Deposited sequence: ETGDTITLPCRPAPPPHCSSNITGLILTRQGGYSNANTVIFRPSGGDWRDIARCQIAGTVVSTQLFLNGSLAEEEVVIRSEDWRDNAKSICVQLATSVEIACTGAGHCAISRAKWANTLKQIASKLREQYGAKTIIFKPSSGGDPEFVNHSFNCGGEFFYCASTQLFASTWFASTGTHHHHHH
């Protein structure tokens, strides 16, 4: 059982990647809502967990954490400062070239769970919600990524939409 992300145009099979990290923004009950960050390229460049590929929202082929997920922020109390999320196990996404890329559902849910755990240990014992992007430009509203000099765009909704206690 898997999650099928649309991607326009069709990413070749050879661009199949490993997801290693994320960037998130914190929105303005014990419910804190996070979105895939729609900030400029500066935040991504300065997360330094981005790694190798030129991607938005997700980081591919990048460096993994040592043991557990580690999250970083330049000010947890300033909503305007992004949170860089670094995983320990990568999430393989295999593109078929039919215009969509596949992710394991169980795998992504466990990833989200661990991220939420680390987020709780930062903001407190609240409810971690993940919602889709906030809009802005088509650049950062979608999971963008560069492969072999081509900049593909994928939809992130199915990844960024769950609730955890």
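Residues 1-3, 32-35, 173-183 of the deposited sequence, counted from 1, carry no C-alpha coordinates in the model.
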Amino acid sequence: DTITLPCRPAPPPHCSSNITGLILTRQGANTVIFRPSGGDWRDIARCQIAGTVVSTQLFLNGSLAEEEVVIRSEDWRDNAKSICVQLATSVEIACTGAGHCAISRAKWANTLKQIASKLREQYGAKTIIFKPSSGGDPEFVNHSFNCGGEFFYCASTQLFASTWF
From here on, numbers count along this sequence of modelled residues.
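Mean C-alpha B-factor is higher over 41-49 than over the other stretch, the pair under comparison being 105-113 and 41-49. In this entry, 87-95 has the higher mean Cα B-factor, the comparison being between 70-78 and 87-95. Per the PDB record, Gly135 has a higher Cα B-factor than any other of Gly135, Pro36, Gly62, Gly124. Among the modelled residues of the chain, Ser16 sits in the highest third by CA temperature factor in this PDB entry. Sort the chain's modelled residues by C-alpha temperature factor and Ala155 lands in the middle third, per the entry. When all modelled residues of the chain are sorted by CA temperature factor, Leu5 is found within the middle third.
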